[PDB]
Structure formats: C-alpha cells, structure tokens
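Student: Sharing a structure below in structure tokens format, with a few things to ask.
A short reminder: the numbers here are calculations on the coordinates, not readings from a lab. Neighbour counts are summed over all protein chains in view; Cβ atoms, including those assigned to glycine, are modelled from backbone coordinates with ideal geometry.
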2 protein chains.
Amino acid sequence: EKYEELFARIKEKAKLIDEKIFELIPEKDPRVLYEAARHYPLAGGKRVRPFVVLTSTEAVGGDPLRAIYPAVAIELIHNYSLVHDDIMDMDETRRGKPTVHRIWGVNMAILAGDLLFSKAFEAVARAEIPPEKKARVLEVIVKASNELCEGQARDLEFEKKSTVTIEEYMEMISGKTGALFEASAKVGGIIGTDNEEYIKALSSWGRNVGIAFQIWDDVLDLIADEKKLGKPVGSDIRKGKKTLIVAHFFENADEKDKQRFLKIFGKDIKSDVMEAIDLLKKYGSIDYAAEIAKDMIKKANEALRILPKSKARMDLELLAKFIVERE
Amino acid sequence: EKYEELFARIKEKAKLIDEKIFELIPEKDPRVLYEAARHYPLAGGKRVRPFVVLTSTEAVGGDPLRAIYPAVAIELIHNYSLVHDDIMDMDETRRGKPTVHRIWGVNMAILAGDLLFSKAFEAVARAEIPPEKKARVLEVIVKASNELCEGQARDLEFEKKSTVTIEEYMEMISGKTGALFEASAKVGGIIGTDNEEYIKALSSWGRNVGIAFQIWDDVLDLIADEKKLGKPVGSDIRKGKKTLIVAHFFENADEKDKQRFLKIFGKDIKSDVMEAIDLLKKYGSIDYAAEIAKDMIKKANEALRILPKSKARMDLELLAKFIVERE
Ligand SMILES: [Br-]
Ligand SMILES: [Br-]
Ligand SMILES: [Hg+2]
Ligand SMILES: [Hg+2]
C-alpha cells in the first residue's frame with residue numbers, strides 16, 4: 001500500500017524530470033534522429049535512477065530541485081545504454097514495442113544512442129551548482145560511464161565461452177548496472193551535502209541496490225509465475241544469459257549435470273527449459289542468488305542508518321525493499 | 001619546405017598530446033575493449049585537431065600547455081566518430097589496416113566508440129582551468145558533439161535518395177566535420193583569451209577550414225593522379241558518395257545526363273567511372289567545388305588578420321593553405 005504512495009512520489013518527481021528530458025531532445029531537425037532518440041524515453045520509463053538522485057539530495061541537505069539536470073543526465077545515460085545494448089543483445093522489443101535499431105536500423109540506432117549520451121553531458125553543463133560541486137558531479141558521471149562500457153564489454157566476452165564464475169559475473173554486473181545506480185545516489189548527496197560520510201553511505205546503497213535489482217530480475221525470470229510475468233519462465237535459459245544463478249550452478253554442479261545443462265542452455269522446449277531449471281534447483285543456485293540479493297538490500301539500507309530520519313530516507317529504504325519483494 | 005617545418009611543429013605537439021591520450025586509454029581490463037579503443041589512436045594520426053587547439057591558444061594569449069587535456073578531448077571525440085562511422089559506412093580498412101568493427105566485431109566496436117567518447121569528457125574534467133573557462137569549454141564541446149551526430153544523421157538519410165542539393169550537402173558537412181574543427185580553434189582561444197573578437201575569428205577559421213578540408217579531399221579523389229593517390233580515381237563515384245561536386249552536378253545537369261550519371265553512380269568499370277567524371281566536368285562541378293574550398297580557405301585566414309602577428313597565427317595560416325594546395 002505504501003508502495004502505492006511511494007510510486008505516487010516517484011511518478012510525481014518523474015514529471016519534472018520528463019519536462020527537462022524532452023526540452024533537451026525535442027522534435028527537431030533531424031527528426032528521424034530525434035524521434036529515434038526519443039523512442040525509449042517516450043516509453044514512459046519510471047525514472048527510478050533520477051528519483052534516486054533527487055531523493056538522495058533530500059536525505060542529506062534538501063532542495064532536490066537543484067539536482068534536476070544532473071538527474072536528467074543520468075536518465076539520458078541509462079537510455080543511451082539501452083539503445084546500444086539492444087543492438088548488441090539482438091533484443092527484438094523493449095516494453096511492448098519494437099527496439100530502436102529494428103525501427104530505424106542499426107546505424108541510426110547507434111547515432112541515437114550517441115546523441116542521447118552527448119545530451120547527458122549537455123544536461124550536466126546546464127546544472128546550477130557551485131563550480132566545485134559541478135566538477136565533482138561531472139567526474140562521478142564520467143567514471144560510472146567508463147565502468148558501464150567496461151561492464152558491458154566483459155558481458156560481451158562471456159559469449160566467447162560456455163561457463164563463468166561467480167566472481168566474473170559479479171565484476172561484470174557491478175559495472176553494467178551497479179555503477180550508474182551508485183552514481184545516482186552519490187550525485188544526489190554531493191549536490192546537497194559536504195558530509196563525506198553520507199556520500200559514502202549513499203554510494204554504498206546505490207551500488208548494492210543496483211546490483212540486487214538485476215539479480216532479483218534474473219531470479220524472477222525463472223521462478224516467477226508465467227501468467228503474472230506475462231510470459232513463460234526460463235527465457236534467460238533459452239537465451240543462455242550469464243546470471244549469478246548460472247554462475248553458482250557452474251561452480252557447484254558435477255560434470256554430468258554441467259554437460260547436460262550446457263546442451264539445453266542457450267539453444268519440446270518446455271521440457272528442456274524445466275529440466276534446466278531443475279538442474280539449477282538441485283544445487284540451490286536460484287535460492288543462492290535470491291539470498292545474495294536480499295543481503296545486499298539489507299546491507300544497503302543498513303548503510304542509510306547513518307543519515308537522519310526523513311521521508312526521503314524512507315523512500316530510499318522502501319524502494320530498496322520493494323526492488324527485492326516484488327514479483 | 002616550410003610545410004616540412006610546420007609538420008615538424010605539428011609532430012612536435014603530437015608527442016604531448018599522445019602521452020595524455022594513452023594514459024587515458026591504457027592497456028588495462030578489459031583489454032579487448034581498450035585495444036579496440038586504442039586501435040585508431042595508435043594508427044599514428046597527425047593530431048591536426050589538437051594542434052589547432054594548442055596553436056589557437058597561442059594566437060590569442062599563450063601557454064597552450066593548459067589546453068592539453070581539452071585538446072585531447074577533441075581528438076578522442078574525433079576518434080570515436082571514426083569508429084562508429086566506419087561501422088555505418090561499411091568501411092573495410094582505415095589507413096593500411098582493418099577497421100575496428102571488422103577486427104573486433106560490430107558490438108565491441110560500438111562499445112569502443114562509446115569508451116572513446118566517455119574518455120573525451122574525462123579528459124575535459126582533468127583540465128586545469130578557471131571554473132568559468134572550464135564550463136564554457138565543456139559547452140562548446142557538447143554543442144559540437146550534438147552537431148556531429150546531427151550531421152552524420154543527415155548523411156545517413158541521403159542514402160534514402162538518389163540526388164541532393166548543394167544546400168543539403170553543405171548543411172550536412174558543416175556539422176559532420178566543420179563543427180569539431182571550429183570547436184578546436186574556438187576552444188583554443190577561450191583557454192587563453194577573453195577577447196570575444198578573437199574567438200569569433202578563430203571559430204570562423206575552424207569552421208571554414210574543417211569544411212574546405214573535406215571538399216578538397218572529395219576533389220582529389222576524382223582528379224588526383226592514381227599512382228600518387230595510391231589508388232585509381234573516382235572511388236567516391238563507385239561509392240555513390242554525396243559530395244559538393246555531385247550536388248552541383250545534380251543541380252545543373254540536364255535530364256539526359258542526370259539519368260545516365262545515376263545508372264553508373266554508386267553501382268568494365270574503368271569506362272563507367274570515367275564517363276561519370278566526364279559528366280561532372282561538363283558542368284564545371286569539380287572546378288566549382290575546388291573554388292568553394294579555396295574561397296573558404298581565403299575567408300578563414302582573412303579572418304585571422306584580426307589576431308596579432310605570431311608564428312602561431314603563422315602555422316594556422318600555413319595549415320589552412322596547405323589543406324587546399326596538397327594532392
Ligand atoms: Br534453488
Ligand atoms: Br570541372
Ligand atoms: Hg557503454
Ligand atoms: Hg555522433
């Protein structure tokens with residue numbers, strides 16, 4: 001129920017963020033480029049990352065209003081990563097619509113991603129903050145940007161091989177999703193506080209939430225009911241996607257199981273999909289990943305303890321808790 | 001001969017620029033990503049853009065040394081555009097080597113371009129300049145970045161059609177190549193001078209040189225001797241590339257000629273290539289573009305008149321003059 005109100009707040013902030021986003025990427029020449037760029041932002045994303053920005057600036061000092069363009073920067077960066085990643089992953093349809101590359105082609109999709117990335121920094125420039133703050137915000141966003149490319153690169157290398165280790169996958173996801181999430185919180189703080197203890201606490205919360213997010217999604221993809229998930233379980237198995245669940249299984253399973261799993265991994269199909277999920281349960285792999293996600297969530301909030309009590313800290317605690325309780 | 005010394009200077013500055021470039025993109029994890037990113041920079045580009053930066057800061061105030069990272073930013077941006085553009089243009093081999101996408105694949109090439117773009121801004125952040133200057137440099141680079149994507153987008157749309165107008169092609173090239181060149185000079189000034197008259201003069205010189213560069217290359221591609229060009233003339237004709245020469249021809253040629261040119265445009269071949277170049281000469285199209293390039297060169301230098309006499313202004317005048325006299 002409170003989640004309903006939390007989403008009420010989240011959706012409330014989204015409005016401010018959205019006006020800024022679309023004033024940066026309006027319908028102008030060239031349109032094909034700007035509509036291609038506008039496609040994902042227009043899908044009506046919930047703007048969780050920007051929300052973490054503005055909400056983080058309130059858990060430390062106040063006036064998230066000054067963290068609007070920097071929050072926009074982060075949402076623009078997130079969107080550009082989706083466009084390019086969809087090209088690489090060969091993703092057919094984001095949301096209930098075709099992906100940017102399928103509609104406008106790979107070349108225009110690359111350019112749209114580029115435009116989106118470029119405008120994240122134009123958003124960073126438009127920020128209204130002290131030179132020292134600005135300089136420190138630009139540098140947080142840049143380092144997260146680099147980690148993001150590095151995490152996606154390691155993710156591409158995985159394709160060159162059948163198995164991965166828990167350590168390999170965690171180093172990859174940390175930069176793919178964790179980095180930008182951490183940057184969201186860390187940038188929120190910086191904009192409203194000079195308390196290095198808060199920032200270190202906000203950063204740790206973003207890092208952990210960003211990672212647990214994805215891990216929980218991978219978990220849901222296997223054991224979430226189809227009807228509700230809108231689709232059958234195990235599409236990540238059919239995809240041969242490297243998740244923490246699959247890494248745990250490869251680390252713990254005997255040769256016989258490993259080899260059978262690999263036959264029916266990333267290759268009627270109802271039987272093979274289930275036989276694969278059964279192989280994973282045999283070794284507690286799904287449950288394992290579920291626990292890791294919950295622990296990171298606990299550690300994240302238990303790190304916000306350091307900040308004062310406000311409804312802003314409240315939302316950050318609720319969000320983190322929601323991100324791991326949902327189906 | 002003086003060109004030999006100019007290139008001696010250019011190559012002299014390249015050293016400083018190169019150390020900074022490779023400290024930003026060193027051989028680190030992940031390597032496949034960082035070598036893919038290092039591939040074009042390692043080709044030993046002459047760093048003309050960065051040279052314009054440091055040289056421009058000397059034509060106004062002095063101490064180009066403080067314009068090193070901002071110059072690096074621009075060279076990193078130029079390099080990322082080459083990687084992505086090569087993917088789009090289906091370019092087989094830059095220089096005497098394979099392109100990034102052919103060696104590492106399209107996905108890793110996209111990521112390499114992304115990393116290169118991200119590190120341009122990490123270079124911008126590392127700059128050692130007053131907050132006001134920094135903020136104004138970041139904003140010049142961002143707007144040129146946006147123009148660059150816009151110019152490349154319009155260039156992609158051209159493929160959707162057989163003919164283009166002189167106006168269409170100039171609006172496209174202006175952002176593709178002109179913008180970044182203008183930014184190179186404009187950013188040089190800003191770093192060393194608060195004279196808005198210099199900056200407007202430097203900017204105008206960069207814009208014009210950047211555009212004339214490309215126009216002269218297209219001219220050479222047709223009428224430059226093969227032996228010397230290292231290859232036969234008219235590969236742009238076989239490519240069906242939209243240049244100012246082709247735009248002038250489509251604007252001036254009669255229907256009969258238009259239609260024949262289109263048959264043998266972007267499609268033994270020695271005869272068709274020559275028949276196409278002959279069609280262009282009939283209407284003065286090649287000569288036309290040559291003159292436009294020379295005029296822009298004259299206008300560019302005649303705009304540097306405003307700055308004091310130094311050897312820095314000297315090099316900027318020589319470079320502009322070289323860019324249009326070479327073969
Ligand atoms: Br399990
Ligand atoms: Br001619
Ligand atoms: Hg990336
Ligand atoms: Hg671009």
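Student: Taking every residue in A:139-145, how many Cβ atoms of other protein chains lie within 10 Å of its Cβ, on average?
Tutor: 4
Student: Taking a label point 7 Å out from Cα toward Cβ, give me the nm distances from A:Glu12 to the same spot in the other copies, shortest first, one decimal.
Tutor: The projected label point of A:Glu12 is separated from its counterparts by 6.4 nm.
Student: Could you tell me the ratio Rg/Rh of the stretch B:220-260? Both radii from Cα atoms, Rh via Kirkwood.
Tutor: Expressed as Rg/Rh, it is 1.06.
Student: Could you tell me which of rounded, prolate or oblate describes the stretch A:71-213, using a ≥ b ≥ c as the square roots of the eigenvalues of the alpha-carbon gyration tensor, with rounded for a/c under 1.5 and, failing that, prolate when a/b is larger than b/c and oblate otherwise?
Tutor: Oblate is the answer for the stretch A:71-213, as a/c is 1.5 or above yet b/c matches or exceeds a/b.
Student: Could you please rank B:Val72, B:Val52, placing first whichever residue has the fewest other Cβ atoms within 10 Å of its Cβ?
Tutor: B:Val72, B:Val52
Student: Hey, another quick one. Mind running the shape call on the protein assembly as shown? Use the C-alpha gyration tensor, a ≥ b ≥ c as the square roots of the eigenvalues: rounded below 1.5 for a/c, prolate if a/b tops b/c, oblate otherwise.
Tutor: prolate
Student: Okay, next question. So for A:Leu116, A:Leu279, A:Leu82, fewest C-beta neighbours within 10 Å to most, what's the order?
Tutor: Result, fewest neighbours first: A:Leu279, A:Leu82, A:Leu116.
Student: Applying the Karplus parametrisation 6.51 cos²θ - 1.76 cosθ + 1.60 with θ = phi - 60° to the phi angles of the stretch B:22-32, what ³J(HN,Hα) value in whole Hz is obtained for each residue in order, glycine and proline being reported as x?
Tutor: 6, 8, 7, 10, x, 7, 9, 5, x, 5, 3
Student: Can you give the Kirkwood hydrodynamic radius for chain B, in Å, rounded to one decimal and based on Cα pairs?
Tutor: Result for chain B, one decimal place: 20.6 Å.
Student: Give me the one-decimal nm value for the distance between modelled label points at A:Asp225 and A:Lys294, 7 Å along each residue's Cα-to-Cβ direction.
Tutor: Reported label-point gap for A:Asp225 and A:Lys294 is 2.0 nm.
Student: How large is the translational diffusion coefficient of the stretch A:124-171 in µm² per second when you combine the Kirkwood radius over alpha carbon pairs with Stokes-Einstein at 20 °C and 1.002 mPa s?
Tutor: Answer from the Stokes-Einstein relation: 165 µm²/s.
Student: Each residue of the stretch A:33-41 in order: what ³J(HN,Hα) in whole Hz does its phi give by Karplus 6.51 cos²θ - 1.76 cosθ + 1.60, θ = phi - 60°, with x for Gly and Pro?
Tutor: Once rounded to whole Hz, the list reads 6, 7, 7, 4, 5, 6, 3, 5, x.
Student: Now, a different point. Give the nm distances, rounded to one decimal, from A:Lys227 to the matching residue in every other copy, measuring between label points 7 Å along Cα toward the beta carbon; shortest first.
Tutor: Those label-point separations list as 8.3 nm.
Student: Per residue of B:75-87, how many C-beta atoms from partner chains lie within 10 Å of its own C-beta, taken as a mean?
Tutor: Whole-number average of other-chain Cβ neighbours for B:75-87 is 1.
Student: Got the A:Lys256 label distances to the other copies yet, label 7 Å along Cα→Cβ, in nm, shortest first?
Tutor: 8.5
Student: May I ask which of A:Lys2/A:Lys321; B:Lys2/B:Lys97; B:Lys143/B:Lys321 have a Cα-Cα span longer than 23 Å here?
Tutor: Long pairs (Cα-Cα over 23 Å): B:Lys2/B:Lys97; B:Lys143/B:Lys321.
Student: While we're looking at this one, here's another question. Using unit Cβ charges (K, R positive; D, E negative) and no other charged atoms, how large, in debye to the nearest 20, is the dipole of chain A about its Cα centre?
Tutor: Its charge dipole is roughly 460 debye.
Student: Right, here's the next one. Per residue of the stretch A:231-247, what does 6.51 cos²θ - 1.76 cosθ + 1.60 with θ = phi - 60° give for ³J(HN,Hα)? Whole Hz please, x for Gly and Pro, Karplus curve as stated.
Tutor: Couplings: 6, x, 6, x, 5, 6, 6, 5, 7, x, 7, 7, 10, 5, 5, 5, 5 Hz.
Student: Here is a further query. When only DSSP loop residues count, what trypsin sites (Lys or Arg not before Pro) in the stretch A:132-181 have their Cβ near at most 11 other Cβ atoms within 10 Å?
Tutor: When the trypsin sites (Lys or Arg not before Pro) of the stretch A:132-181 are filtered for loop state and at most 11 Cβ neighbours within 10 Å, A:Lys160, A:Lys161 remain.
Student: Now, a different point. Compute the distance in nm between two label points, each set 7 Å from the Cα along the Cα-to-Cβ direction, one at A:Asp29 and one at B:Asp254.
Tutor: 3.3 nm
Student: Continuing with this model, one more query. If you average the alpha carbon positions of the stretch A:121-159 and of the stretch A:165-232, how far apart do those two centres end up, in angstrom?
Tutor: When both Cα centres are located, 16 Å separates them.
Student: Sorting B:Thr93, B:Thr163 on the 10 Å Cβ count, fewest up front, what's the list?
Tutor: Starting with the residue having the fewest Cβ neighbours, the order is B:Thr93, B:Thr163.
Student: Given a Förster distance of 35 angstrom, what is the FRET efficiency for B:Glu12 paired with B:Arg238, based on the Cβ-Cβ distance and rounded to 0.05?
Tutor: Efficiency for this residue pair is about 0.35.
Student: While we're here: Please compute P(r) over all alpha-carbon pairs of the stretch A:175-308, binned at 10 Å starting from zero, and give each bin as a whole-number percent.
Tutor: It works out to 12, 35, 26, 17, 9, 1, in whole percents.
Student: Still on this structure, please answer the following. Under a point spin-label approximation (7 Å from Cα along Cα-to-Cβ), what is the B:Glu325-B:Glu196 distance to one decimal in nm?
Tutor: Using points 7 Å along Cα→Cβ, the separation is 3.6 nm.
Student: Binning every alpha carbon pair distance of the stretch B:138-213 at 5 Å from zero, what are the percents per bin?
Tutor: That works out to 4, 17, 23, 22, 15, 10, 5, 3, 1, 0, in percent per bin.
Student: In debye, nearest 20: dipole of the stretch A:1-110 around its Cα centre with unit charges on the Cβ of K, R (+) and D, E (-)?
Tutor: The dipole of the stretch A:1-110 has a size of about 100 debye.
Student: Using a 10 Å cut-off around each Cβ of peptide B:12-21, what is the average number of partner chain Cβ atoms that fall inside?
Tutor: Mean inter-chain Cβ contacts per residue within 10 Å come to 0.
Student: Still on this structure: Sort out for me the Cα centre separation of the stretch B:75-105 from the stretch A:233-309, rounded to whole Å.
Tutor: 38 Å
Student: Also, I was wondering about something else. Starting from the Cα gyration tensor of the stretch B:94-167, take the square roots of the eigenvalues, sort them a ≥ b ≥ c, and report rounded, prolate or oblate (rounded when a/c is under 1.5, otherwise prolate if a/b is larger than b/c, else oblate).
Tutor: It comes out oblate by the Cα gyration axes.
Student: Okay, next question. How far, in whole Å, is the closest Cβ of chain A from the axis that maps A onto B, and which residue does it belong to?
Tutor: A:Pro131, 2
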